[PDB]
$ cat input-v4.cif   # mmCIF, C-alpha atoms and all ligand atoms
data_target
#
loop_
_atom_site.label_atom_id
_atom_site.label_comp_id
_atom_site.auth_asym_id
_atom_site.auth_seq_id
_atom_site.Cartn_x
_atom_site.Cartn_y
_atom_site.Cartn_z
CA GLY A 1 14.75 -3.29 -50.69
CA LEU A 2 13.85 -0.20 -48.63
CA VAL A 3 12.41 -1.07 -45.21
CA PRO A 4 8.84 0.20 -44.67
CA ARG A 5 9.17 3.50 -42.82
CA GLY A 6 6.47 2.75 -40.23
CA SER A 7 7.91 3.28 -36.76
CA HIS A 8 7.20 1.25 -33.64
CA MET A 9 8.14 1.24 -29.98
CA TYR A 10 10.17 -1.63 -28.48
CA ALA A 11 11.11 -2.39 -24.87
CA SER A 12 14.84 -1.71 -24.66
CA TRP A 13 15.32 -2.04 -20.87
CA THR A 14 13.05 -3.21 -18.04
CA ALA A 15 12.81 -3.69 -14.28
CA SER A 16 10.00 -5.55 -12.51
CA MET A 17 8.46 -3.75 -9.56
CA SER A 18 8.03 -4.91 -5.94
CA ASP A 19 6.30 -3.53 -2.83
CA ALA A 20 9.18 -2.75 -0.47
CA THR A 21 6.78 -2.77 2.52
CA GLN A 22 5.47 -6.31 1.97
CA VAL A 23 6.98 -8.87 4.32
CA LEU A 24 6.91 -12.61 5.03
CA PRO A 25 3.80 -13.88 6.88
CA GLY A 26 4.06 -13.10 10.58
CA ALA A 27 6.92 -10.64 10.12
CA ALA A 28 7.00 -7.05 11.37
CA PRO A 29 5.83 -4.58 8.69
CA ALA A 30 8.55 -2.74 6.77
CA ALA A 31 8.87 0.97 5.97
CA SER A 32 9.45 2.29 2.48
CA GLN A 33 12.22 4.65 1.53
CA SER A 34 11.12 8.20 0.90
CA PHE A 35 12.45 11.18 -0.99
CA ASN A 36 12.02 14.81 0.02
CA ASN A 37 13.25 17.60 -2.27
CA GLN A 38 15.73 15.19 -3.83
CA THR A 39 16.86 13.85 -7.20
CA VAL A 40 17.44 10.21 -8.17
CA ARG A 41 19.65 9.58 -11.17
CA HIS A 42 19.26 6.02 -12.42
CA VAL A 43 21.61 4.47 -15.00
CA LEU A 44 20.49 1.68 -17.33
CA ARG A 45 21.91 -0.29 -20.25
CA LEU A 46 19.85 -0.14 -23.43
CA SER A 47 19.36 -3.38 -25.36
CA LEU A 48 17.97 -1.80 -28.55
CA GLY A 49 18.82 1.48 -30.23
CA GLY A 50 16.64 3.82 -32.21
CA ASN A 51 15.51 7.37 -32.81
CA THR A 52 13.08 8.23 -30.03
CA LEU A 53 12.53 6.83 -26.54
CA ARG A 54 9.80 6.68 -23.89
CA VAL A 55 10.16 6.26 -20.12
CA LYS A 56 7.74 4.23 -18.02
CA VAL A 57 7.29 5.33 -14.43
CA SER A 58 5.36 3.39 -11.82
CA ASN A 59 3.49 3.87 -8.55
CA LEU A 60 2.10 0.35 -8.78
CA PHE A 61 2.56 -0.43 -5.05
CA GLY A 62 2.16 3.04 -3.59
CA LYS A 63 -0.40 3.68 -0.88
CA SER A 64 -0.78 7.38 -1.85
CA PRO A 65 -0.20 9.27 -5.10
CA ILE A 66 3.27 10.47 -5.97
CA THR A 67 4.26 13.43 -8.15
CA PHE A 68 7.30 13.27 -10.38
CA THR A 69 8.24 16.93 -10.37
CA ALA A 70 10.73 16.54 -13.24
CA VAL A 71 11.99 13.61 -15.34
CA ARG A 72 14.98 13.99 -17.66
CA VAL A 73 17.17 11.70 -19.76
CA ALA A 74 20.69 11.90 -21.15
CA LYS A 75 23.62 9.78 -22.24
CA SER A 76 25.77 8.49 -19.39
CA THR A 77 29.52 9.09 -19.34
CA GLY A 78 30.07 6.92 -16.27
CA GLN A 79 29.49 7.21 -12.52
CA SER A 80 26.79 9.90 -12.07
CA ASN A 81 27.98 11.96 -15.06
CA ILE A 82 25.99 12.76 -18.19
CA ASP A 83 26.73 14.37 -21.55
CA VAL A 84 24.65 17.51 -21.04
CA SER A 85 24.51 18.08 -24.80
CA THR A 86 22.14 15.05 -24.86
CA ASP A 87 20.00 16.21 -21.90
CA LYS A 88 16.29 16.13 -22.67
CA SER A 89 13.03 16.81 -20.86
CA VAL A 90 10.76 13.76 -20.49
CA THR A 91 7.17 15.03 -20.66
CA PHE A 92 3.83 13.32 -19.97
CA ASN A 93 1.11 14.56 -22.30
CA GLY A 94 3.11 17.78 -22.72
CA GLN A 95 3.55 18.34 -18.96
CA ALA A 96 6.91 18.21 -17.24
CA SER A 97 5.29 17.15 -13.93
CA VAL A 98 2.98 14.17 -13.55
CA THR A 99 1.06 12.61 -10.67
CA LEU A 100 0.47 8.85 -10.56
CA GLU A 101 -2.29 7.56 -8.31
CA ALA A 102 -1.53 4.47 -6.25
CA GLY A 103 -1.48 1.28 -8.29
CA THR A 104 -0.89 2.88 -11.69
CA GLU A 105 1.93 3.25 -14.21
CA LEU A 106 2.40 5.72 -17.04
CA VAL A 107 4.38 5.87 -20.27
CA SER A 108 5.88 9.21 -21.21
CA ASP A 109 5.76 11.15 -24.45
CA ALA A 110 8.31 10.24 -27.08
CA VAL A 111 11.68 11.96 -26.59
CA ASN A 112 13.88 12.89 -29.58
CA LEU A 113 17.21 11.36 -28.59
CA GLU A 114 18.94 8.98 -30.99
CA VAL A 115 20.54 6.14 -28.97
CA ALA A 116 22.68 3.05 -29.75
CA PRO A 117 22.43 -0.62 -28.66
CA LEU A 118 24.42 -1.61 -25.55
CA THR A 119 24.91 1.98 -24.34
CA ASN A 120 24.16 3.56 -20.98
CA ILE A 121 21.63 6.35 -20.54
CA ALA A 122 20.68 8.07 -17.28
CA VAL A 123 17.10 8.71 -16.16
CA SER A 124 16.92 11.42 -13.52
CA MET A 125 13.86 12.06 -11.36
CA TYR A 126 13.21 14.97 -9.03
CA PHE A 127 10.71 14.75 -6.16
CA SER A 128 10.07 18.27 -4.82
CA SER A 129 7.49 17.06 -2.30
CA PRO A 130 7.92 14.45 0.47
CA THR A 131 7.37 11.23 -1.43
CA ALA A 132 6.98 7.67 -0.15
CA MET A 133 8.34 5.19 -2.70
CA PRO A 134 7.41 1.55 -2.00
CA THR A 135 7.46 0.74 -5.75
CA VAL A 136 11.05 -0.37 -6.34
CA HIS A 137 13.26 -2.87 -8.06
CA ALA A 138 15.19 -3.93 -4.99
CA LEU A 139 18.44 -5.32 -6.43
CA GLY A 140 19.40 -3.41 -9.58
CA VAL A 141 23.04 -4.57 -9.59
CA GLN A 142 23.65 -0.94 -10.57
CA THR A 143 24.45 2.24 -8.66
CA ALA A 144 21.82 4.98 -8.49
CA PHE A 145 22.76 8.46 -7.24
CA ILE A 146 20.70 10.67 -4.92
CA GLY A 147 21.16 14.37 -4.18
CA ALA A 148 19.45 17.39 -2.71
CA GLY A 149 17.33 19.72 -4.83
CA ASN A 150 16.47 19.47 -8.52
CA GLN A 151 19.68 18.13 -10.08
CA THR A 152 18.05 16.34 -13.01
CA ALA A 153 19.86 18.38 -15.68
CA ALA A 154 23.20 18.61 -13.81
CA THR A 155 26.49 17.31 -15.24
CA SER A 156 26.71 15.07 -12.19
CA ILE A 157 25.08 14.53 -8.82
CA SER A 158 26.70 16.34 -5.88
CA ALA A 159 25.99 14.41 -2.68
CA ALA A 160 28.42 10.36 -1.57
CA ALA A 161 26.92 7.92 0.87
CA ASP A 162 23.59 8.82 -0.79
CA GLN A 163 23.80 5.93 -3.22
CA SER A 164 21.44 3.02 -3.78
CA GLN A 165 21.33 -0.14 -5.84
CA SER A 166 17.58 -0.01 -6.46
CA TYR A 167 15.38 1.58 -9.09
CA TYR A 168 12.74 3.90 -7.70
CA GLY A 169 9.46 3.94 -9.66
CA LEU A 170 11.23 3.35 -12.99
CA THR A 171 10.02 0.21 -14.75
CA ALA A 172 10.68 0.31 -18.51
CA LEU A 173 12.43 2.20 -21.27
CA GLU A 174 11.09 1.77 -24.81
CA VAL A 175 12.87 2.89 -28.00
CA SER A 176 11.52 3.20 -31.57
CA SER A 177 12.68 1.70 -34.89
CA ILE A 178 11.46 1.00 -38.40
CA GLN A 179 13.56 -2.20 -38.45
CA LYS A 180 12.14 -5.65 -37.82
CA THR A 181 12.78 -6.39 -34.14
CA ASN A 182 12.69 -9.24 -31.64
CA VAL A 183 12.31 -8.63 -27.90
CA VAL A 184 13.39 -11.45 -25.60
CA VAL A 185 11.98 -11.28 -22.06
CA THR A 186 13.95 -13.14 -19.37
CA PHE A 187 11.53 -13.82 -16.49
CA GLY A 188 12.73 -15.18 -13.15
CA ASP A 189 14.32 -14.63 -9.72
CA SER A 190 17.73 -13.63 -8.30
CA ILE A 191 19.40 -15.73 -10.94
CA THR A 192 17.78 -13.86 -13.80
CA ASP A 193 18.17 -10.57 -11.89
CA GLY A 194 21.93 -11.25 -11.80
CA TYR A 195 22.50 -11.21 -8.05
CA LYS A 196 26.18 -11.67 -7.11
CA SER A 197 27.20 -10.57 -10.56
CA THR A 198 29.44 -7.51 -10.50
CA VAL A 199 27.74 -4.18 -9.83
CA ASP A 200 27.76 -1.66 -12.72
CA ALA A 201 29.55 -4.29 -14.86
CA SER A 202 26.53 -5.30 -17.02
CA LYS A 203 27.41 -8.97 -16.36
CA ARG A 204 23.94 -10.42 -15.72
CA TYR A 205 23.20 -13.45 -17.89
CA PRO A 206 20.72 -11.49 -20.07
CA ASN A 207 23.48 -8.90 -20.50
CA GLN A 208 25.82 -11.65 -21.68
CA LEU A 209 23.09 -13.09 -23.89
CA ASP A 210 22.71 -9.60 -25.35
CA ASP A 211 26.46 -9.45 -25.96
CA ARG A 212 26.41 -12.77 -27.83
CA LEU A 213 23.51 -11.61 -30.00
CA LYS A 214 25.21 -8.34 -30.94
CA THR A 215 28.55 -10.04 -31.59
CA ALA A 216 26.73 -12.36 -34.04
CA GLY A 217 25.17 -9.32 -35.79
CA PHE A 218 21.67 -9.29 -34.29
CA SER A 219 21.52 -5.69 -33.16
CA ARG A 220 17.72 -5.93 -33.55
CA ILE A 221 17.22 -8.83 -31.13
CA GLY A 222 16.77 -7.23 -27.71
CA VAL A 223 17.00 -8.82 -24.26
CA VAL A 224 15.13 -7.29 -21.29
CA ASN A 225 15.38 -8.35 -17.65
CA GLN A 226 12.26 -9.26 -15.62
CA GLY A 227 13.79 -11.05 -12.69
CA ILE A 228 12.97 -10.30 -9.06
CA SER A 229 15.30 -11.55 -6.32
CA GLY A 230 13.54 -14.08 -4.11
CA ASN A 231 10.51 -14.36 -6.42
CA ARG A 232 8.20 -17.38 -6.22
CA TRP A 233 5.56 -18.82 -8.53
CA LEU A 234 2.85 -19.37 -5.94
CA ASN A 235 3.23 -16.74 -3.23
CA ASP A 236 3.97 -13.11 -2.65
CA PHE A 237 7.44 -12.22 -1.33
CA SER A 238 9.85 -11.49 -2.64
CA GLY A 239 7.81 -9.43 -5.09
CA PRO A 240 4.40 -10.18 -6.55
CA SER A 241 3.93 -13.89 -7.22
CA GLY A 242 5.11 -15.21 -10.57
CA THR A 243 1.55 -16.11 -11.57
CA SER A 244 0.06 -12.77 -10.55
CA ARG A 245 2.76 -10.76 -12.32
CA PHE A 246 3.10 -12.83 -15.49
CA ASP A 247 0.50 -10.76 -17.38
CA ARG A 248 2.22 -7.46 -16.62
CA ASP A 249 5.87 -8.51 -16.65
CA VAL A 250 5.89 -10.84 -19.66
CA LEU A 251 2.71 -10.59 -21.77
CA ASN A 252 2.49 -6.77 -21.81
CA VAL A 253 6.16 -6.07 -22.52
CA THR A 254 6.15 -3.84 -25.60
CA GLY A 255 7.08 -5.90 -28.64
CA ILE A 256 7.71 -9.23 -26.89
CA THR A 257 8.39 -12.10 -29.26
CA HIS A 258 10.27 -14.56 -27.06
CA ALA A 259 10.38 -15.50 -23.39
CA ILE A 260 12.88 -17.43 -21.26
CA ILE A 261 11.12 -18.64 -18.09
CA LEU A 262 13.37 -19.62 -15.15
CA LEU A 263 11.53 -19.70 -11.82
CA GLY A 264 10.79 -22.10 -8.97
CA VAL A 265 13.81 -22.60 -6.70
CA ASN A 266 12.42 -20.18 -4.12
CA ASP A 267 9.14 -22.05 -4.02
CA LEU A 268 11.20 -25.05 -2.95
CA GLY A 269 13.65 -23.28 -0.60
CA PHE A 270 11.32 -20.95 1.32
CA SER A 271 9.26 -23.61 3.10
CA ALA A 272 11.98 -25.06 5.35
CA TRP A 273 12.41 -21.91 7.46
CA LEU A 274 11.32 -18.57 5.92
CA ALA A 275 7.70 -19.57 5.13
CA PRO A 276 6.73 -22.92 6.69
CA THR A 277 3.01 -22.10 6.21
CA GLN A 278 3.74 -22.00 2.45
CA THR A 279 4.92 -25.52 1.65
CA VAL A 280 4.19 -26.32 -1.99
CA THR A 281 4.52 -29.39 -4.20
CA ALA A 282 6.20 -29.87 -7.56
CA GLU A 283 2.71 -30.38 -8.97
CA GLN A 284 1.40 -27.04 -7.73
CA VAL A 285 4.49 -25.39 -9.24
CA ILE A 286 3.95 -27.17 -12.59
CA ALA A 287 0.29 -26.12 -12.56
CA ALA A 288 1.30 -22.45 -12.35
CA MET A 289 3.96 -22.87 -15.04
CA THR A 290 1.62 -24.39 -17.57
CA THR A 291 -1.00 -21.70 -17.06
CA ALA A 292 1.71 -19.13 -17.77
CA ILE A 293 2.98 -21.10 -20.77
CA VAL A 294 -0.47 -21.63 -22.27
CA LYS A 295 -1.27 -17.90 -21.96
CA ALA A 296 1.94 -16.91 -23.70
CA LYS A 297 1.47 -19.35 -26.57
CA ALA A 298 -2.11 -18.09 -27.04
CA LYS A 299 -0.53 -14.66 -27.73
CA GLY A 300 1.99 -15.89 -30.32
CA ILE A 301 5.07 -15.73 -28.05
CA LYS A 302 7.81 -18.35 -28.40
CA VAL A 303 8.27 -19.82 -24.91
CA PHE A 304 11.47 -21.39 -23.57
CA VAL A 305 11.70 -22.83 -20.05
CA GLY A 306 14.98 -23.24 -18.19
CA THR A 307 15.77 -26.15 -15.89
CA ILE A 308 16.38 -25.43 -12.21
CA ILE A 309 20.14 -25.23 -11.55
CA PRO A 310 21.50 -27.55 -8.80
CA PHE A 311 21.73 -25.93 -5.40
CA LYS A 312 22.97 -28.52 -2.87
CA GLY A 313 24.88 -26.70 -0.15
CA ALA A 314 22.65 -23.60 -0.05
CA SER A 315 21.93 -23.40 3.70
CA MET A 316 21.52 -27.16 4.22
CA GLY A 317 18.42 -27.84 6.29
CA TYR A 318 17.13 -24.25 5.97
CA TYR A 319 16.78 -23.54 2.24
CA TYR A 320 17.93 -26.70 0.47
CA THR A 321 16.41 -29.93 1.78
CA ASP A 322 15.84 -33.42 0.45
CA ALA A 323 12.19 -32.45 -0.16
CA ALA A 324 13.37 -29.51 -2.28
CA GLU A 325 15.74 -31.74 -4.23
CA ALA A 326 12.91 -34.16 -4.98
CA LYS A 327 10.60 -31.35 -6.16
CA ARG A 328 13.41 -29.88 -8.26
CA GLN A 329 13.91 -33.18 -10.07
CA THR A 330 10.22 -33.65 -10.82
CA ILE A 331 10.08 -30.12 -12.24
CA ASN A 332 13.24 -30.59 -14.28
CA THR A 333 11.89 -33.88 -15.67
CA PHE A 334 8.62 -32.18 -16.63
CA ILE A 335 10.42 -29.31 -18.36
CA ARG A 336 12.74 -31.72 -20.17
CA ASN A 337 9.83 -33.82 -21.54
CA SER A 338 7.19 -31.15 -22.19
CA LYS A 339 5.83 -31.02 -25.77
CA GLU A 340 3.85 -27.87 -24.85
CA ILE A 341 6.91 -25.55 -24.69
CA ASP A 342 8.87 -24.32 -27.72
CA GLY A 343 12.19 -25.43 -26.27
CA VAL A 344 14.30 -26.13 -23.22
CA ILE A 345 17.36 -24.30 -21.98
CA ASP A 346 19.18 -26.81 -19.76
CA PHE A 347 20.76 -24.35 -17.36
CA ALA A 348 21.19 -27.21 -14.89
CA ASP A 349 23.15 -29.33 -17.36
CA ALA A 350 25.24 -26.30 -18.35
CA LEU A 351 26.20 -25.30 -14.82
CA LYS A 352 26.32 -28.49 -12.73
CA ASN A 353 29.42 -29.73 -11.00
CA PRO A 354 30.90 -32.64 -13.01
CA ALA A 355 32.19 -34.05 -9.72
CA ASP A 356 28.63 -34.04 -8.35
CA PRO A 357 25.60 -33.11 -10.47
CA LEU A 358 23.57 -32.04 -7.41
CA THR A 359 25.89 -29.06 -6.82
CA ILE A 360 26.79 -26.08 -8.94
CA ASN A 361 30.19 -26.25 -10.65
CA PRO A 362 32.65 -24.57 -8.21
CA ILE A 363 34.11 -22.31 -10.92
CA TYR A 364 30.59 -20.90 -11.39
CA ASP A 365 29.87 -20.74 -7.64
CA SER A 366 29.54 -17.24 -6.23
CA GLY A 367 30.26 -18.98 -2.92
CA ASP A 368 26.77 -19.56 -1.51
CA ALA A 369 26.02 -22.71 -3.58
CA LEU A 370 22.97 -20.94 -5.07
CA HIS A 371 23.90 -17.85 -7.07
CA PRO A 372 26.35 -18.00 -9.99
CA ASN A 373 29.34 -15.72 -10.34
CA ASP A 374 30.03 -13.64 -13.48
CA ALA A 375 31.58 -16.74 -15.08
CA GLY A 376 28.48 -18.74 -14.18
CA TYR A 377 26.24 -16.14 -15.85
CA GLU A 378 28.44 -16.09 -18.94
CA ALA A 379 27.97 -19.85 -18.96
CA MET A 380 24.16 -19.56 -18.75
CA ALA A 381 24.21 -17.20 -21.73
CA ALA A 382 26.52 -19.54 -23.64
CA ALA A 383 24.07 -22.41 -23.16
CA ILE A 384 21.40 -20.68 -25.29
CA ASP A 385 21.14 -21.52 -28.99
CA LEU A 386 20.81 -18.16 -30.73
CA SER A 387 18.68 -19.66 -33.51
CA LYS A 388 15.86 -20.12 -30.97
CA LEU A 389 15.62 -16.33 -30.62
CA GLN A 390 15.27 -15.58 -34.34
CL CL A 401 15.14 -36.11 -16.61
CL CL A 402 19.37 -24.17 -26.12
CL CL A 403 21.65 -18.01 -36.02
#

$ encode --input "input-v4.cif" --output "structure tokens"
Amino acid sequence: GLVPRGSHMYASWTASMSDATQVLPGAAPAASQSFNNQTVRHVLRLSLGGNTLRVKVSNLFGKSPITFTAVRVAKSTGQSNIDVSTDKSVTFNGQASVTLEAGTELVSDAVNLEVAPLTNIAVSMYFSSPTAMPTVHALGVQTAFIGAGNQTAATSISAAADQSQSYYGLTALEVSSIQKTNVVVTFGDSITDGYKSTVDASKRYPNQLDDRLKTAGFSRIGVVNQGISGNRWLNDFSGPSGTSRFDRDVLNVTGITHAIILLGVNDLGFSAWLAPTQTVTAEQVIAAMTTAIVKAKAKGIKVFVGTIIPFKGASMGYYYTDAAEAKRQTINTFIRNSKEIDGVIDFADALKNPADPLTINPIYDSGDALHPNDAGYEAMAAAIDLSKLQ
């Protein structure tokens, strides 16, 4: 009959945050980008539609407060353009300006803009003051547009070479519905992030998963992306360690019902050359995984773990090694035999080279023997049984 009219918020799009100034042990410290009397217009693809939306802004890794002088939202018509008839002020407890102390995040007021699944909205931020921004999602696989002055309500951004592929201080977009809704969180590294998939093409594997769900009729099963390029389970860089960020980036995602966990290859590949002081074992990796899994089951989430895709050829002797291949096979065997998880997604089986299972299938090779191409990410999405996400 009639669906109960109670309304709830659901994560429709996400981006995990990193500290752009944090560097590998022994490296020279890095500077953060800054804005000064400028506007950033982000573009993001919504997984779930609904009637109102909220915007989550973040200063999680700032060293000083920042002040969002204005935040606006509108439907995207491509490039930096918006449909100004949909332009809306995003307020924070009634205010149009909001200050976030260092290490905090804030959800905005609800905004009355009806939006559809698999459509692009634009979130525009204006920083009047000189603003350091170390809280970023480094590789968005998506063009952001920067311009002088407060251009948050403009038809487009007038700049250029002032483009980025990051997200600055923007971490989540929630939308409301009365419908029953599933939120699938994909948690991982570059390969969940969608690195070497086509920019602005929405061809990350969670994008293609989302496409498959909507084609099958599940407009109310959302997929949100919580990858971080270069992420590791046991150590900071790139981005907060998988274990330290699992509470924020998986457990606290608004409305989470499912999780696909795919992380580890950087724990294996960093120790040859990038972080020799950070050699880890397959057992230490499995210990972190099961703590994450056990937490998520304790909260009612259905947990799926993906096998580590083959990566022979990926800088032989400097990322891939025989030690890494051994650790990868122990981890894959554990995943494949675990009775603690709700299910396995055999990404490795789906994507391996039939000529040589230790390498990625050449037609899915972006060319570096590690990262899939668009076809490889379509193949990852195809490997997932949609009944698991119901
Ligand atoms: Cl096995
Ligand atoms: Cl499956
Ligand atoms: Cl089904």

$ atom_distance --input "input-v4.cif" --atom1 "CA of residue 67 (chain A)" --atom2 "CA of residue 239 (chain A)"
23.3 Å

$ residues_around --input "input-v4.cif" --residues "residue 374 (chain A)" --least-positions-apart "5" --cutoff "8 Å" --atoms "all atoms listed in the file" --output "ChimeraX atom specification"
/A:196-198,203-204,364

$ write_last_selection --input "input-v4.cif" --atoms "C-alpha atoms" --output "short mmCIF file (atom, residue, chain, number, x, y, z; two decimals), keeping the file's coordinate frame"
data_model
loop_
_atom_site.label_atom_id
_atom_site.label_comp_id
_atom_site.auth_asym_id
_atom_site.auth_seq_id
_atom_site.Cartn_x
_atom_site.Cartn_y
_atom_site.Cartn_z
CA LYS A 196 26.18 -11.67 -7.11
CA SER A 197 27.20 -10.57 -10.56
CA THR A 198 29.44 -7.51 -10.50
CA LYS A 203 27.41 -8.97 -16.36
CA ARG A 204 23.94 -10.42 -15.72
CA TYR A 364 30.59 -20.90 -11.39
#

$ closest_atom_pairs --input "input-v4.cif" --of "chain A" --to "ligand CL 403 (chain A)" --cutoff "8 Å" --atoms "all atoms listed in the file" --output "Markdown table"
| residue | atom | partner | partner_atom | distance |
| --- | --- | --- | --- | --- |
| A:216 | CA | A:CL403 | CL | 7.9 |
| A:385 | CA | A:CL403 | CL | 7.9 |
| A:386 | CA | A:CL403 | CL | 5.4 |
| A:387 | CA | A:CL403 | CL | 4.2 |
| A:388 | CA | A:CL403 | CL | 8.0 |
| A:390 | CA | A:CL403 | CL | 7.0 |

$ write_last_selection --input "input-v4.cif" --atoms "C-alpha atoms" --output "compact mmCIF listing (two decimals), in the coordinates of the input"
# COMPACT_ATOMS: atom_id res chain seq x y z
CA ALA A 216 26.73 -12.36 -34.04
CA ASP A 385 21.14 -21.52 -28.99
CA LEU A 386 20.81 -18.16 -30.73
CA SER A 387 18.68 -19.66 -33.51
CA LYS A 388 15.86 -20.12 -30.97
CA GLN A 390 15.27 -15.58 -34.34

$ closest_residue --input "input-v4.cif" --among "A:389, A:259, A:234, A:74" --to "residue 282 (chain A)" --atoms "all atoms listed in the file"
A:234

$ residues_near_ligand --input "input-v4.cif" --ligand "ligand CL 402 (chain A)" --cutoff "10 Å" --atoms "all atoms listed in the file" --output "list in words"
residues 304, 305, 306, 343, 344, 345, 346, 347, 350, 380, 381, 382, 383, 384, 385, 386, 387, 388 and 389 of chain A

$ residues_near_ligand --input "input-v4.cif" --ligand "ligand CL 401 (chain A)" --cutoff "7 Å" --atoms "all atoms listed in the file" --output "NGL selection string"
:A and (332-333 or 336)

$ residues_around --input "input-v4.cif" --residues "residue 368 (chain A)" --least-positions-apart "2" --cutoff "12 Å" --atoms "all atoms listed in the file" --output "MDAnalysis selection string"
chainID A and resid 195:196 311:316 319:320 359:362 364:366 370:373

$ closest_residue --input "input-v4.cif" --among "A:131, A:321, A:279, A:179" --to "residue 35 (chain A)" --atoms "all atoms listed in the file"
A:131

$ closest_residue --input "input-v4.cif" --among "A:176, A:190, A:76, A:266" --to "residue 318 (chain A)" --atoms "only C-alpha atoms"
A:266

$ closest_residue --input "input-v4.cif" --among "A:103, A:264, A:4, A:206" --to "residue 309 (chain A)" --atoms "only C-alpha atoms"
A:264

$ atom_distance --input "input-v4.cif" --atom1 "CA of residue 189 (chain A)" --atom2 "CA of residue 115 (chain A)"
29.0 Å

$ atom_distance --input "input-v4.cif" --atom1 "CA of residue 242 (chain A)" --atom2 "CA of residue 187 (chain A)"
8.8 Å

$ closest_residue --input "input-v4.cif" --among "A:215, A:300, A:317, A:327" --to "residue 286 (chain A)" --atoms "all atoms listed in the file"
A:327

$ closest_residue --input "input-v4.cif" --among "A:77, A:135, A:252, A:307" --to "residue 122 (chain A)" --atoms "all atoms listed in the file"
A:77

$ residues_around --input "input-v4.cif" --residues "region 87-94 of chain A" --least-positions-apart "6" --cutoff "9 Å" --atoms "all atoms listed in the file" --output "VMD selection string"
chain A and resid 54 to 55 70 to 75 106 to 113 153

$ residues_near_point --input "input-v4.cif" --point "(8.6, 8.3, -1.0)" --cutoff "12 Å" --atoms "all atoms listed in the file" --output "ChimeraX atom specification"
/A:20-21,31-40,59,61-68,126-136,168-169

$ residues_near_point --input "input-v4.cif" --point "(25.3, 3.2, -8.8)" --cutoff "8 Å" --atoms "only C-alpha atoms" --output "mmCIF file with C-alpha atoms, in the coordinates of the input"
data_model
loop_
_atom_site.group_PDB
_atom_site.id
_atom_site.type_symbol
_atom_site.label_atom_id
_atom_site.label_comp_id
_atom_site.auth_asym_id
_atom_site.auth_seq_id
_atom_site.Cartn_x
_atom_site.Cartn_y
_atom_site.Cartn_z
ATOM 1 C CA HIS A 42 19.260 6.020 -12.420
ATOM 2 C CA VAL A 43 21.610 4.470 -15.000
ATOM 3 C CA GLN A 79 29.490 7.210 -12.520
ATOM 4 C CA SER A 80 26.790 9.900 -12.070
ATOM 5 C CA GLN A 142 23.650 -0.940 -10.570
ATOM 6 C CA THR A 143 24.450 2.240 -8.660
ATOM 7 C CA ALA A 144 21.820 4.980 -8.490
ATOM 8 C CA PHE A 145 22.760 8.460 -7.240
ATOM 9 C CA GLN A 163 23.800 5.930 -3.220
ATOM 10 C CA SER A 164 21.440 3.020 -3.780
ATOM 11 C CA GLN A 165 21.330 -0.140 -5.840
ATOM 12 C CA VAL A 199 27.740 -4.180 -9.830
ATOM 13 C CA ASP A 200 27.760 -1.660 -12.720
#

$ build_atoms --input "input-v4.cif" --residues "region 320-327 of chain A" --atoms "N, CA, C and O atoms" --output "tab-separated table (two decimals), keeping the file's coordinate frame"
chain	number	residue	atom	x	y	z
A	320	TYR	N	17.87	-25.39	1.11
A	320	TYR	CA	17.93	-26.70	0.47
A	320	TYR	C	17.56	-27.79	1.47
A	320	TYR	O	17.99	-27.77	2.63
A	321	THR	N	16.74	-28.74	1.02
A	321	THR	CA	16.41	-29.93	1.78
A	321	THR	C	16.26	-31.09	0.80
A	321	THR	O	16.34	-30.91	-0.42
A	322	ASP	N	16.07	-32.29	1.34
A	322	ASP	CA	15.84	-33.42	0.45
A	322	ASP	C	14.47	-33.30	-0.23
A	322	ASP	O	14.32	-33.69	-1.40
A	323	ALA	N	13.48	-32.72	0.46
A	323	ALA	CA	12.19	-32.45	-0.16
A	323	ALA	C	12.34	-31.50	-1.35
A	323	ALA	O	11.75	-31.72	-2.41
A	324	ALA	N	13.14	-30.45	-1.18
A	324	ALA	CA	13.37	-29.51	-2.28
A	324	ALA	C	14.08	-30.19	-3.45
A	324	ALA	O	13.78	-29.93	-4.62
A	325	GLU	N	15.04	-31.07	-3.15
A	325	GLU	CA	15.74	-31.74	-4.23
A	325	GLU	C	14.81	-32.68	-4.99
A	325	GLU	O	14.90	-32.80	-6.22
A	326	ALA	N	13.88	-33.33	-4.29
A	326	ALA	CA	12.91	-34.16	-4.98
A	326	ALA	C	12.03	-33.32	-5.90
A	326	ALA	O	11.87	-33.64	-7.09
A	327	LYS	N	11.45	-32.24	-5.36
A	327	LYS	CA	10.60	-31.35	-6.16
A	327	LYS	C	11.35	-30.77	-7.35
A	327	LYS	O	10.80	-30.65	-8.46
